[PDB]
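For reference, the structure is listed below as structure tokens.
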């Protein structure tokens, strides 16, 4: 999940757009 | 733009900018 993935590695706006509603 | 670490509150700050505070849910870990 992005909440761990973006802590443990570099994040992306493409990957974050999946969590918006 | 450039790719960077965003742990905890930093992820929420980016969802805030991406979505415009509209209604995200980051699925925070439920384990103790």
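Protein chains in written order, with PDB author numbering: chain A, 1 to 21; chain B, 1 to 32.
Every residue gets a Cβ at the ideal spot worked out from N, C-alpha and C, and that includes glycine.
Worksheet item: Is residue 32 of chain B close to chain A, meaning its C-beta is less than 8 Å from at least one C-beta of that chain?
Response: Taking the second chain and counting its residues from 1, the one referred to as residue 32 of chain B is at position 32. By the rule that beta-carbons nearer than 8 Å mark a contact, residue 32 of chain B does not touch chain A.
Fill in: Through-space distance from residue 5 of chain B to residue 18 of chain A, alpha-carbon basis
In the first chain, the residue the question calls residue 18 of chain A occupies position 18. In the second chain, the residue the question calls residue 5 of chain B occupies position 5. One C-alpha to the other measures close to 17 Å.
Worksheet entry | Where residue 15 of chain B falls, given that 16 or more other Cβ within 10 Å makes a residue buried | On the second chain, residue 15 of chain B is found 15 positions in, with the first residue counted as 1. Residue 15 of chain B is buried by the Cβ-count criterion.
Fill in: Through-space distance from residue 12 of chain B to residue 24 of chain B, alpha-carbon basis
Here residue 24 of chain B is taken as the residue at index 24 of the second chain, counted from 1. Here residue 12 of chain B is taken as the residue at index 12 of the second chain, counted from 1. For residue 24 of chain B and residue 12 of chain B, the gap between their C-alpha atoms comes out near 9 Å.
Worksheet item: Taking the alpha-carbon positions, what's the residue 9 of chain A to residue 20 of chain B distance?
Response: As a working mapping, residue 9 of chain A is identified with position 9 in the first chain. As a working mapping, residue 20 of chain B is identified with position 20 in the second chain. Spanning the two alpha carbons is a distance of roughly 24 Å.
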